[PDB]
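In the block that follows, a single chain appears as C-alpha cells, in the form deposited in one PDB entry.
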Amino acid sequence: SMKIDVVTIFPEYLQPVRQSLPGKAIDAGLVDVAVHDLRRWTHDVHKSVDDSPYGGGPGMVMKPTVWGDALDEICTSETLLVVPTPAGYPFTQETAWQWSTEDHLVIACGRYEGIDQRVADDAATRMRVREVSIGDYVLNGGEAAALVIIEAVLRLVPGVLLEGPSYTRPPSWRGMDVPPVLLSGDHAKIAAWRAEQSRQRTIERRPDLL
C-alpha cells in the first residue's frame, strides 16, 4: 500500500511510468503514482518558479514560497520527502528496499540550479526528508532521477559481486558457443563456474566492491 506523489514543472516527463503500472496492483489499491505540476502553486500571473541566487552565480534557484505551498498541500506527517540532487546521499538498493515499505513518498523534482535549501530544511522539522543522488553524473533536473527511484522502489513492492553472463538458445550463434559447463547437468559445478565469472567480472569492472 504505497502512494507516490511527484512534483515537477514537467509533469509530462513522468507520464510513461504512470502508464507502465500494472492494473492488478492499481485495482488492488496497492500502488498509486500521482504527478503534480508545480506551477499549480505559483503566486503570480507569470507563474514564476525561479529567481536569482543570493550571493550571485549562474542560473536560477527555485522559489521557496512556491515549493513551500506545494509540499504543505501534498505532504503529511507520514510522508517521506525525496529530493533528488547531485549533492545527495547515494541512493542504493539498500535505500530502495527501505523505501519500499513506506506508505507515502513525495518526490520533489528540481530544475535550474536546484531548490532553495530552506524548503528541505523547513520540511525536515515535521517530516522525514531524504536528499539523494542516483549516480555521479549531472542531469538537467530531478525528473529522470525520479523515474529511476520509482522503478527501483516499486519493483520491490510485492505485487507490482556482480552478476555474470547469461545465455540462452541457440547453443551456437555467430561462431560463439554457450559455455559447455552450462549444459553439463552438473549443477554444483555450474554454480562454481558462475561464482568465478562473477568474481572475474567484479575485479575487472568494479574493484571498489572488493
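Residue numbers run from 1 along the displayed sequence. Here the rigid core means the biggest group of C-alpha atoms that line up within 1.5 Å when the two forms are laid on top of each other.
Unmodelled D27 in at least one third of other entries with both flanks present: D27: unmodelled in a third or more of the comparison entries.
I149 unmodelled in at least a third of other compared entries: That residue is present in all of the other compared entries.
Interresidue gap class [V160, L161; deposited sequence, unmodelled]: Missing residues, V160 to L161: 10 or more.
87 to 95 versus 72 to 80 - which carries the larger mean C-alpha B factor in the record: Higher mean C-alpha B-factor: 72 to 80.
Residue range whose averaged C-alpha B-factor is higher in the record, 27 to 35 or 59 to 67: So the stretch with the higher mean C-alpha B-factor is 27 to 35.
Candidate set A144, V45, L182, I150 [ranked by C-alpha B-factor, highest]: Reading the PDB entry, the winner on C-alpha B-factor is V45.
Identity of residue with top Cα B-factor, from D136, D116, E113, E131: Checking the PDB record, the top C-alpha B-factor among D136, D116, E113, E131 is at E113.
Modelled-residue ranking by C-alpha temperature factor, third containing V7: For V7, whose C-alpha B-factor we compare with every modelled residue in the chain, the answer is the middle third.
Assigned third (lowest, middle, highest) for the C-alpha B factor of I190: Ranked within chain, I190 CA B lands in the lowest tercile.
Where the record places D103 (Cα B-factor, split into thirds across the chain): Highest third of the chain for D103's C-alpha B-factor.
Separately, the form deposited in another entry exists; it is not shown, and the next lines address it.
Threshold 2 Å Cα movement between this form and the one not shown for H187, core superposed: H187 C-alpha, core-superposed: shift of less than 2 Å.
Rigid core fit then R199 CA moved by 2 Å or more between this form and the one not shown: It does not reach a 2 Å shift.
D177 C-alpha moves between this form and the one not shown by 2 Å or more, core aligned: Shift at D177: below 2 Å after core fit.
Comparison of CA distance in that other deposited form with shown form for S20, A34, at least 3 Å: Compared with this form, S20 and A34 lie farther apart in that other deposited form.
Shift in CA distance, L154 and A25, in that other deposited form relative to the form shown here, given it is 3 Å or more: Between the C-alphas of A25 and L154, the gap narrows in that other deposited form (3 Å or more compared with this form).
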